[PDB]
């Protein structure tokens, strides 16, 4: 069976309870995770240990909080107490866990399932070939010995419009923002980096990225997490918003792909 789970955010107890609910069995089953494995919940260290141990039985994409953790680890960014990352950062296996984490993809594709996953989704300005190339470029910098330089460069809100002519810092910043921070788009597909509200609360002319026709969404199902204020609701056919806000007192959601059956684990908070 194939299971897809939204942002875990250190909610290790809820993750394990949900996996036991579906009798997740590595070697027979595969788990897809939308990223944001860490921060806010209390168990980021246990989450990363478990997810790394799954090996080929997990398909992860990196989220904005995973990248922020890497930036803190590398001395690029300041540790915020509310993220509760200190046990992970001080763990004796922190190097092993975080060097594993920075080698994971920004994008997962299963052609037999016609299924694509990224943390925030797929901008309508990208076709599949471009999404693949952009994921490869950022994965290459994150997996290199020089990844702290990229982590420092990644912060920023511009450029917010894709072009194949983008180069250098702006190209990487756009790619990172599209995969890990996107929510709303302008009608032409350009990213808005400020509004984090539900679609009903957003100001015109902002619309969700998935409300703008794009070539990937037209051919593939897209699963994503990230946008907690969506509460997993309000998406069109073939768009699966899996982040139902477990770390916020909401729920952890798991979708089984074969029958599109949902399973939900209440937050312990």
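Positions refer to the first chain, counted from 1.
Looking at 36-44 and 227-235 together, the entry lists the larger mean B-factor for 227-235, computed on C-alpha atoms. For the pair 195-203 and 97-105, the mean B factor over Cα atoms is greater in 195-203. Going by the entry's values, 161 shows the largest Cα B-factor out of 86, 161, 176, 123.
For the set 212, 67, 60, 241, the PDB entry assigns the largest Cα B-factor to 212.
When all modelled residues of the chain are sorted by CA temperature factor, residue 2 is found within the lowest third.
Among the modelled residues of the chain, residue 188 sits in the highest third by CA temperature factor in this PDB entry. Ranked by C-alpha B-factor against the other modelled residues of its chain, residue 216 falls in the middle third.
In this PDB entry, the Cα temperature factor of residue 167 sits in the top third of its chain's modelled residues, the highest group. In the deposited entry, the Cα temperature factor of residue 132 sits in the top third of values across the chain's modelled residues.
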